[PDB]
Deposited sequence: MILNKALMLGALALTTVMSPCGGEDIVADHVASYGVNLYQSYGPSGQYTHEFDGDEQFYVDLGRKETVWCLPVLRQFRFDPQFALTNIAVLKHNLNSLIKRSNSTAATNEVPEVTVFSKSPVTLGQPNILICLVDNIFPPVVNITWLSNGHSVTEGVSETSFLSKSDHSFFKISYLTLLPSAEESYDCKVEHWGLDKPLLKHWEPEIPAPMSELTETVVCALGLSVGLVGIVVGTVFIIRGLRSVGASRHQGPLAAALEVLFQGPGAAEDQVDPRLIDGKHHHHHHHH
């Protein structure tokens, strides 16, 4: 292992035979700086302060073409050893403390993903949600696995609940991770002070006469 103040991975290239599909990302201290959409040949920056730089998308496509040729030469030498599917770990938590009404972003973290093939979807009372849902790219680990994050911009409601549906080859059945978010006492308290302050003002008005009565 290597211990350092900052770690940057400027060559994270991915390729697999299932699609075939690939991915290109740059990482600095565990966060994604940008990714290159291979199909559209465009560089999408993940941080606003990083849009001032330039990275040629064609640079990414050249690298992944090498990985494709490398993989075919390795399948023969490995005698076609398929990837051992793993069991993902799914954790759901709120980005900010949950206050009813204020906008919030749900975070579903799928960890230990291998191969990089997963379907992360959101459920609201059994119905799929396709509004305000965003995902991050497959982010690398040190054991050569991946983790992905799905966001759900939601308005918290006490009557509404959500689930994170994670489908992967390593799960026998689809995995669901759940997430769920005084009037009488206040009325009694309000009335108690009301009659008290009412009697307090009444006493002074009566006291004023009583004090003035002697004179």
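Not built in the structure, per the record, are deposited positions 1-24, 206-210, 245-288.
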